[PDB]
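Asks: in the first instance, please consider these chains from the complex; the rest will follow:
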Amino acid sequence: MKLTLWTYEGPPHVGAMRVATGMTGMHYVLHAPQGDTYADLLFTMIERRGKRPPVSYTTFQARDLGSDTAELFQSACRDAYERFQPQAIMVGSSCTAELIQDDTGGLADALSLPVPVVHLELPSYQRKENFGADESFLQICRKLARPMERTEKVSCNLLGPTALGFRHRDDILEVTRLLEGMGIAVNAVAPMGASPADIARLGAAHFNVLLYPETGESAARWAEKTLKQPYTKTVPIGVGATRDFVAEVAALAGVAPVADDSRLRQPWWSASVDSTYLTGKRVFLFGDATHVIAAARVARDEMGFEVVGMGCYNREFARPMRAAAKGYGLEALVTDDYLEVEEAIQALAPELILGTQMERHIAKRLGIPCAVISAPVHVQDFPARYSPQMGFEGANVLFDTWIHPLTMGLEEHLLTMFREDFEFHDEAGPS
């Protein structure tokens, strides 16, 4: 269909691995040809996970005959069982494993695994990595979670975080700090830190908190229906959104909406004579839909940036994005290829391209200030420092990370403007 050199999302099985390795005691036994191991490298190196990603690969080098591949998958299931001792097993098929005729769950049941085995369907040719993560989450919630008694203290569930997320670690620290400072405890952050036991306990929290909608929204809906746990909707990225999120979780839990804004530096700093040059700067906004909508609110309100184009790479969340874009006077640019993004930036000629890894590079080729506000990123954008995005400290981060490229440009452009690079023009009266 197309020559894809840049693909924002990855294959569905990669998202399934995100969820699997996010958990503690969950093996993702995956049917896959020899070589499809490469994603373990992504997890090991980009995110720098000490322990190897707890996923196995029934690599069929050249016994592609269904009799053989089934045996490899079965053997790998059982081997992953008594090797890594997981409390539950995740089994699915990837790419050619979908092409090869296998019963990805029937065999897993047939081996009579005492630990629960969650059967996964991942259509490897019409879906993407965000879907895959969300669906794997839905599956583990169905299998493991079960309605039980509400905890005595209102417990909020941090639904959504997974591994290899955009700052899915500092961010949950920040959100937990805000929530517990208001008083609500967290029952079990479900992925990016939740044993299958934690998922078993997901039915005791009062009200869910959908941290990252894209990877976890379907689990949130299932929670609302089965577990009867209402889930919040607003993502607290920024200050305005953070206040709204605080009020919303207060209402869902019936508590006071106290906010520790003593850390809030971004409002005051943006409202400073030092940085009034920001007003009237077109910013192009790309990346996954949640982060883009939140960045839209921040750029338009907190910073006074005039947003020129909002696009996303996940079609699954297009409708909210087109709603928002019609809000901001623009039209959404939901796409999947880097070409249309390059064209949109070229035509609109922004001055601050907040976007995914590829938008960063598009910026650098075009000489426009760049920043990263989304999921597709290499190892560099996964920092060691405390760099959340939601919460008040997230607002501070947002401020500095977004302003830093513009300041780089300004002091760069100054050093050019300065006489060291400007002793080339002269005028003598009437020439």
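Replies: The structure has been received and is ready for your questions. Numbering: from 1, shown residues only, chains lettered A, B, ... in the order given.
Asks: residue contacts, residue A:226?
Replies: residue A:147 (CB atoms under 8 Å, 6 or more residues apart in numbering). Yep, even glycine has a C-beta here, placed from its N, CA and C like the rest.
Asks: any idea how far it is from residue A:216?
Replies: Taking CB to CB, to the nearest Å as the measure, residue A:226 falls 15 Å from residue A:216.
Asks: now do the buried residues in stretch A:134-145.
Replies: A:134, A:135, A:136, A:137, A:138, A:139, A:140, A:141, A:143, A:144, A:145 (16 or more other CB atoms under 10 Å).
Asks: quick check: closest non-adjacent residue to the last one.
Replies: Once its chain neighbours are removed from consideration, residue A:145 has its nearest residue in residue A:202; the separation is 4.2 Å (CB to CB, 6 or more residues apart in numbering).
Asks: name the element the one you found belongs to?
Replies: Under DSSP states H and E, no helix or strand contains residue A:202.
Asks: residues touching it, list them.
Replies: A:141, A:144, A:145, A:157, A:187, A:188, A:190, A:223, A:227.
Asks: for residue A:262, same thing?
Replies: Contacts of residue A:262 by CB under 8 Å, 6+ apart: none found.
Asks: tally of neighbours for residue A:126?
Replies: Number of residues near residue A:126 (other CB atoms under 10 Å) recorded here: 7.
Asks: which SS class is the nearest residue to residue A:250 once chain neighbours are set aside?
Replies: Leaving aside its chain neighbours, residue A:250 sits nearest to residue A:257 (3.8 Å; criterion: CB to CB, 6+ apart). Classification of residue A:257 by DSSP: H, G, I helix; E, B strand; the rest coil places it in coil.
Asks: how close does residue A:222 get to residue A:197?
Replies: In this view, residue A:222 and residue A:197 are 19 Å apart by CB to CB.
Asks: re earlier: with distance to residue A:1 and secondary structure added, can I get the contacts of residue A:202 in JSON lines?
Replies: JSON lines is the format used below for those (distance: CB to CB, whole Å; DSSP: H, G, I helix; E, B strand; the rest coil):
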{"residue": "A:141", "distance to residue A:1": "34", "secondary structure": "helix"}
{"residue": "A:144", "distance to residue A:1": "38", "secondary structure": "helix"}
{"residue": "A:145", "distance to residue A:1": "38", "secondary structure": "coil"}
{"residue": "A:157", "distance to residue A:1": "39", "secondary structure": "strand"}
{"residue": "A:187", "distance to residue A:1": "44", "secondary structure": "coil"}
{"residue": "A:188", "distance to residue A:1": "41", "secondary structure": "coil"}
{"residue": "A:190", "distance to residue A:1": "35", "secondary structure": "coil"}
{"residue": "A:223", "distance to residue A:1": "36", "secondary structure": "helix"}
{"residue": "A:227", "distance to residue A:1": "40", "secondary structure": "helix"}
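Asks: throw chain B onto that model:
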Amino acid sequence: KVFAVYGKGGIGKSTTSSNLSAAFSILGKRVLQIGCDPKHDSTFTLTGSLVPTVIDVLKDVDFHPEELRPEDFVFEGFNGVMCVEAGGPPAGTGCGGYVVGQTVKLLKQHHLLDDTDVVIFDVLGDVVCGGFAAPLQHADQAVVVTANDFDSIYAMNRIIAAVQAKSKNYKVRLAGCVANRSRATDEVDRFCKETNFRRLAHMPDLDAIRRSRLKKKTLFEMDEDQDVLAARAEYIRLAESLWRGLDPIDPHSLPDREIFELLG
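Replies: This next block brings in chain B, placed alongside the chains you saw above:
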């Protein structure tokens, strides 16, 4: 427990599915009224909403993913928690090409697994066309509905043989040919003996149930039921007889061309 509600008439066999949904909602179990009949008359008879939205054509959005939520396409309306109607894109609505439209297939691959108590499967309107027999893939307790008209009972027998045709691997059972006769026709009785099927809740008519109008409602939600309790009588019992396939009267349809029973 998928209950494919077959038949010939438009408003017939479609009011019936809504009555099944109402009875099963009274029974409490979640119900999946997927109508998708070309006549916007399947979710109408249960919700009262004649044509809420036809998004199952997916024109405003290009493909399935765009609907981050089911709320746009699926609808609740009344106790029928899931009343959704595809409508079909024939030459009547848009271009169409084949009258398949594969909309039944779109509901097959719709969104995420909203399983609940499987599906009640109003569905249908395909009956037969080579390559336009999609609903057969999820049919599990397919039931054919007929009025007194001989064309309609022929429609039954044809459908039963046709479902046995494709259900070479699906092997859908048919617990009974619940009908929609109006005048207690003994010809349909002789047929039910001939087809060796089960038809107990077939007294539902097109005249006795407020003439099967399109302004009022069905079963519990409409005014004072029907003839005090006539509507409930056959339909609560249907939700206590066919509520599962515990009585699999599934035979071989017509044993040997037992259609030449025109009489008069």
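Asks: the neighbour count of residue A:126 with chain B there, same question as before?
Replies: 11 (other CB atoms under 10 Å in any protein chain shown).
Asks: can you tell me the number of residues neighbouring residue B:217?
Replies: Neighbours around residue B:217, by other CB under 10 Å: 18.
Asks: hang on, it packs against residue B:49?
Replies: No - in this structure, residue B:217 is not within contact of residue B:49 by CB atoms under 8 Å, at 10.8 Å.
Asks: how long is stretch B:159-179 end to end?
Replies: 13 Å (CA to CA, to the nearest Å).
Asks: residue contacts, residue 87?
Replies: I went with chain A, as the question did not name one. For residue A:87, the residues meeting the contact criterion (CB atoms under 8 Å, 6 or more residues apart in numbering or on different chains) are A:25, A:26, A:115, A:195, A:196, A:197.
Asks: correction: the question concerned chain B.
Replies: Taking CB under 8 Å, 6+ apart as the test, what residue B:87 contacts is B:36, B:37, B:38, B:40, B:51, B:54, B:56, B:57, B:93, B:103.
Asks: got a ChimeraX select line for the buried ones in the residues you listed?
Replies: Listed next is the ChimeraX selection for buried residues among the contacts of residue B:87, using 16 or more other CB atoms under 10 Å in any protein chain shown:
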select /B:36,37,38,40,54,56,57,103
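Asks: among the contacts of residue B:87, which are in helices?
Replies: Within those, residues falling in helices by DSSP state H are residue B:103.
Asks: quick one: residues in contact with stretch A:395-412.
Replies: For stretch A:395-412, the external contacting residues (CB under 8 Å, 6+ apart) are A:237-239, A:242, A:263-267, A:269-270, A:275, A:277-278, A:281, A:295, A:298-299, A:302-303, A:351-352, A:354, A:369-373, A:387-389.
Asks: ok, 7 Å please
Replies: Applying CB atoms under 7 Å, 6 or more residues apart in numbering or on different chains, the contact partners of stretch A:395-412 are A:238-239, A:242, A:263-266, A:269-270, A:275, A:298, A:352, A:354, A:369-371, A:387-389.
Asks: quick revisit: which one (most neighbours) among the contacts of residue A:87?
Replies: residue A:26 (27 neighbours).
Asks: give the contact list for that one.
Replies: By CB under 7 Å, 6+ apart, the residues touching residue A:26 are A:20, A:54, A:86, A:88, A:90, A:196.
Asks: quick one: the third one from residue A:36, how far?
Replies: When CB to CB is the yardstick, residue A:86 and residue A:36 sit 20 Å from each other.
Asks: what of the fifth one?
Replies: Per CB to CB, residue A:90 is found 16 Å from residue A:36.
Asks: higher neighbour count, these two?
Replies: Taking neighbours as other CB under 10 Å, residue A:90 and residue A:36 compare with residue A:90 leading, 30 against 20.
Asks: tack on chain C:
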Amino acid sequence: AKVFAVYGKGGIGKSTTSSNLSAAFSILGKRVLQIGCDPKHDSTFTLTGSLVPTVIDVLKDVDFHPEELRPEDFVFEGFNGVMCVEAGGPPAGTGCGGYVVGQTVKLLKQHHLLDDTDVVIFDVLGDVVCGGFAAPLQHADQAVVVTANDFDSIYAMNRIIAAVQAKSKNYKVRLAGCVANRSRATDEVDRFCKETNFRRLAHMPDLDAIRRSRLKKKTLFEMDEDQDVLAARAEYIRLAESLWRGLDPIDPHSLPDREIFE
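Replies: Placing chain C onto the earlier chains gives this:
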């Protein structure tokens, strides 16, 4: 010859309309070739008393050869000289739905019965209108829309009209008008035809008189009952007179915006 696309919803008056319209075509003295698609074999069987063998009947007795499709057996000639073929729907599960009727038409043309006759009245189903199922519409020149008089049936005829516009891709098939399956003199459809830019020919209700599946074994033009009156049959006679002169070919437009008034 003079060909009309008669598309029935599936109502019981399919026989009463197709067979007796053809019978009147012959009553005025003209050669008839009725194509009544009814796998139950009722739409045309009454002109011969017994269940007519169509193209499909003999083409079923033999496997795939047309030389044993002899005239009287592959198109049964009915009363008053109505040689009326049928279309026996595909065997349950297998066989393209179109294939059957397509082969009926191709066999009628192979022996050049349409040229042999002066009538080609083309009664085909209107409930399932897939490309193959709606293929018979293209062959015919004019079109009359036989139907019951209720809102289920008006939706059915709008589906028929949609199939007509779909087959309008091929040639320039027209629509003579709309008639009933002996149900009512278009009190329930005429304003709808006006809505779709069409006319519904005022076909007098004939279901009011005594009727059976196909009026026992011979319909109104082939038995002594003769509907109510010879004028009740002169209704079909005047329809045949219109079908020679072929007035009002105007093609309606599809109406899917709840104009059915279900």
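Asks: same as before for the contacts of residue B:87, with chain C this time.
Replies: B:36, B:38, B:40, B:54, B:56, B:57, B:93.
Asks: just send those back as CSV, with distance to chain A too.
Replies: Output for those, formatted as CSV (distance: CB to the nearest CB, whole Å):
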residue, distance to chain A
B:36, 21
B:38, 27
B:40, 24
B:54, 17
B:56, 16
B:57, 16
B:93, 23
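Asks: show me which of those residues is closest to chain C.
Replies: Distances from chain C to those, taken as CB to the nearest CB, are shortest for residue B:93 (4.4 Å).
Asks: neighbours around residue 120, how many?
Replies: This is for chain A. Counted with other CB under 10 Å, residue A:120 comes out at 27.
Asks: oops, chain B please
Replies: 28.
Asks: that one looks like it's in a strand, true?
Replies: No - using three-state DSSP, the secondary structure at residue B:120 is coil, not a strand.
Asks: right, and it touches residue B:20 too?
Replies: Yes - under the criterion of CB atoms under 7 Å, residue B:120 makes contact with residue B:20 at 5.9 Å.
Asks: list the residues that contact both of those two?
Replies: Shared contacts of residue B:120 and residue B:20 (CB under 7 Å, 6+ apart): residue B:3.
Asks: out of the contacts of residue B:87, which are inside strands?
Replies: The members of those all map outside strands under DSSP state E.
Asks: interface residues of chain A facing chain B?
Replies: Counting by CB under 7 Å from any CB of the partner chain, chain A comes close to chain B at A:138, A:218, A:315, A:316, A:317, A:318, A:319, A:320.
Asks: what about 6 Å?
Replies: Listed as neighbours of chain B in chain A under the rule CB under 6 Å from any CB of the partner chain: A:218, A:315, A:316, A:317, A:318, A:319.
Asks: any idea how far the first one lies from residue A:141?
Replies: With the distance defined as CB to CB, residue A:218 ends up 9 Å from residue A:141.
Asks: sorry, back to before: farthest-apart pair in the residues of chain A next to chain B, please.
Replies: The largest distance within the residues of chain A next to chain B, taken as CB to CB, falls between A:218 and A:318 and amounts to 16.2 Å.
Asks: ok, the contacts of residue B:87 vs residue B:78, which is closest?
Replies: Among these, and counting by CB to CB, the member closest to residue B:78 is residue B:40, at 16.4 Å.
Asks: give me the phi and psi for the nearest residue to the closest one once chain neighbours are set aside.
Replies: Leaving aside its chain neighbours, residue B:40 sits nearest to residue B:51 (4.2 Å; criterion: CB to CB, 6 or more residues apart in numbering or on different chains). When quoted as degrees, to the nearest 10, the phi and psi of residue B:51 stand at phi -140, psi 80.
Asks: residue B:51 touches residue B:41, doesn't it?
Replies: No - counting by CB atoms under 6 Å, residue B:51 stays clear of residue B:41, with 9.2 Å between them.
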